[PDB]
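Below is one structure, written out as structure tokens; comments come after it.
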There are 2 protein chains.
Amino acid sequence: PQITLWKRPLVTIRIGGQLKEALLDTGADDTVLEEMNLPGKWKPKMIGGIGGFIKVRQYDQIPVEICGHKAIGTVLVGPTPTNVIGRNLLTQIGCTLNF
Amino acid sequence: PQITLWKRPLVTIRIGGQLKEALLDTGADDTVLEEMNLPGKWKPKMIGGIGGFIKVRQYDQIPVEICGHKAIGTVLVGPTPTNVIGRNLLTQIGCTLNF
Ligand SMILES: COC(=O)N[C@H](C(=O)N[C@@H](Cc1ccccc1)[C@@H](O)CN(Cc1ccc(-c2ccccn2)cc1)NC(=O)[C@@H](NC(=O)OC)C(C)(C)C)C(C)(C)C
């Protein structure tokens with residue numbers, strides 16, 4: 001689809017068979033999800049945004065379906081105020097910026 | 001142009017007569033540049049992201065040329081980790097997300 005930018009580019013994603021709303025974010029290297037208790041091993045990581053760094057849990061090889069397009073990769077879980085889909089998954093679904 | 005996301009979508013901008021590099025950032029409501037001088041009056045503002053809030057200077061009605069496309073809008077200046085072009089200006093240059 002084409003998503004205009006008049007409002008926040010929030011779309012429905014599926015993770016663990018369950019649905020969430022997340023921001024398609026070209027300004028994000030990584031995918032960062034609101035706290036959720038995923039199973040499996042994780043690694044601690046620190047990621048930085050506008051206000052500084054937060055502690056997140058790094059889960060690898062997590063399937064995430066974005067607006068019907070399938071992806072699989074690293075998902076960071078922690079105290080973010082919004083679910084963010086970053087470039088690591090946006091590339092997998094063939095997302096471009098266009099003007 | 002069409003811009004893919006295997007790398008950060010960095011572009012050259014022209015502002016206050018100077019060239020800079022900034023990140024096309026669909027996850028940003030606002031446009032935020034590293035500390036610099038801009039002409040005219042500004043207002044103290046706060047903006048928030050991952051990691052928390054920062055103090056910025058709000059400059060209104062500032063012309064900025066983004067890859068040769070013109071915009072005139074609000075530019076925030078402060079201790080952002082990196083220069084970002086947000087939706088307020090991406091909409092002005094006709095930028096959409098496509099997949
Ligand atoms: C309604 O609030 C916003 O729109 N907030 C925006 C904002 O923070 N947007 C975030 C996503 C977001 C939106 C709303 C609430 C919380 C988070 C991003 O669009 C822009 N931001 C811009 C940004 C970019 C880079 C960096 C950075 C950090 C460390 C080292 C180098 N760069 C910091 C901020 N990117 C990041 O923070 C990413 N950081 C990143 O990719 O780091 C490499 C994350 C996400 C992976 C953490 C601005 C403050 C930029 C206006």
Side-chain angles (χ1 to χ4, degrees), chain A residues 1-13 15-34 36 38 40 42 45 47-50 56-78 80-99, chain B residues 1-6 8-13 21-32 49-50 64-69 71 81-99:
Chain A
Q2 178 165 282
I3 302 174
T4 62
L5 290 174
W6 298 111
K7 68 176 178 182
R8 287 162 181 172
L10 290 162
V11 302
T12 304
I13 59 166
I15 185 170
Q18 304 199 346
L19 305 184
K20 297 179 166 270
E21 299 297 298
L23 196 60
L24 302 182
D25 190 0
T26 63
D29 287 6
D30 302 315
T31 288
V32 189
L33 298 188
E34 294 169 4
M36 64 178 299
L38 288 172
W42 53 278
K45 184 170 173 75
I47 63 174
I50 197 76
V56 297
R57 303 195 301 282
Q58 176 181 335
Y59 294 83
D60 296 321
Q61 290 306 103
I62 307 306
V64 176
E65 198 181 88
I66 299 152
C67 193
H69 293 74
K70 294 190 167 65
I72 179 167
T74 297
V75 164
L76 305 186
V77 179
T80 175
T82 177
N83 297 309
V84 171
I85 307 302
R87 291 182 303 97
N88 71 307
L89 305 178
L90 293 177
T91 56
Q92 296 185 34
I93 69 175
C95 191
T96 54
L97 283 168
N98 301 77
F99 60 101
Chain B
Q2 177 165 86
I3 298 174
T4 52
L5 299 170
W6 279 279
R8 292 173 176 171
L10 295 174
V11 298
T12 298
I13 67 169
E21 178 179 80
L23 182 73
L24 301 180
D25 186 1
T26 57
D29 285 6
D30 299 322
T31 292
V32 198
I50 274 165
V64 176
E65 185 181 290
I66 299 160
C67 295
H69 293 244
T82 208
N83 290 337
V84 304
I85 309 300
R87 289 185 304 98
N88 69 311
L89 303 184
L90 295 176
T91 52
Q92 292 200 19
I93 71 180
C95 187
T96 59
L97 281 165
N98 297 88
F99 63 97

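In what follows, chains carry the letters A, B, and so on, assigned in the order in which the sequence lines appear, proteins first and then strands, with residues in each chain numbered from 1.
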Report the C-alpha separation of A:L19 and A:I13 in whole Å, then their side-chain angles, then the decisive distance to 0.1 Å, and conclude whether the side-chain contact (heavy atoms from CB on, under 4.5 Å) test is met. CA-CA 6 Å; A:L19 305 184; A:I13 59 166; over 6 Å; no
B:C95 and A:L5: which non-hydrogen atoms are nearest, and at how many Å? O-CD1, 3.3 Å
Nearest-0.5 Å distance, CD of residue B:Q2 to CG of residue A:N98: 4.5 Å
Could you tell me whether the side chain of A:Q92 and the main chain of A:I72 form a donor-acceptor pair under 3.5 Å? yes
Closest approach of A:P63 to A:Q61 (non-hydrogen atoms, all atoms of both residues): CD-O, 3.6 Å
Between A:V77 and A:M36, is any pair of side-chain heavy atoms under 4.5 Å apart? yes
Looking at side-chain heavy atoms only, is the closest gap between B:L24 and B:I66 below 4.5 Å? yes
Looking at CZ of B:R8 and CD of B:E21, how far apart are the two atoms once the value is rounded to the nearest 0.5 Å? 9.5 Å
Do A:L90 and B:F99 come close enough that some side-chain heavy atom pair is under 4.5 Å? no
Side chain to side chain, A:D25 and B:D25, heavy atoms closer than 4.5 Å: yes
In short, salt bridge (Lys or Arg N to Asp or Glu O under 4.0 Å) pairs touching residues 83-94 of chain B with sequence neighbours left out are B:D29-B:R87
Rounded to the nearest 0.5 angstrom, the CG-CD1 distance for A:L97 and A:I3 is 11.0 Å
Taking the side chain as everything from C-beta on, heavy atoms only, tell me whether A:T91 gets closer than 4.5 Å to B:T4. no
Would you give the length of the straight line joining atom CZ of A:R57 to atom CG of A:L38, rounded to the nearest 0.5 angstrom? 7.5 Å
Have a look at A:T74 and tell me which of A:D60, A:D30, A:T31 forms a side-chain hydrogen bond (donor to acceptor under 3.5 Å, both in side chains) with it. A:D60
What's the shortest heavy-atom distance between A:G49 and B:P81, and which atoms? O-CG, 3.5 Å
Is there a side-chain contact between A:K20 and A:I15 in this structure, where contact means two heavy atoms from C-beta onward sitting under 4.5 Å apart? yes
Give the C-alpha distance, both sets of side-chain angles, the deciding distance and a yes or no for side-chain contact (heavy atoms from CB on, under 4.5 Å) between A:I47 and A:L76. CA-CA 9 Å; A:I47 63 174; A:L76 305 186; 3.4 Å; yes
Any side-chain heavy atom of A:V32 within less than 4.5 Å of one from B:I50? yes
Quick one, B:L23 and B:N83 - any side-chain contact, counting heavy atoms below 4.5 Å? no
Does one side chain, of A:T82 or A:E34, offer a donor that lies under 3.5 Å from an acceptor on the other? no
Say you draw a straight line from NZ of A:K45 to OH of A:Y59; how long is it, rounded to the nearest 0.5 Å? 15.0 Å
To the closest 0.5 Å, what do you measure between NE2 (A:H69) and CG (A:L89)? 13.5 Å
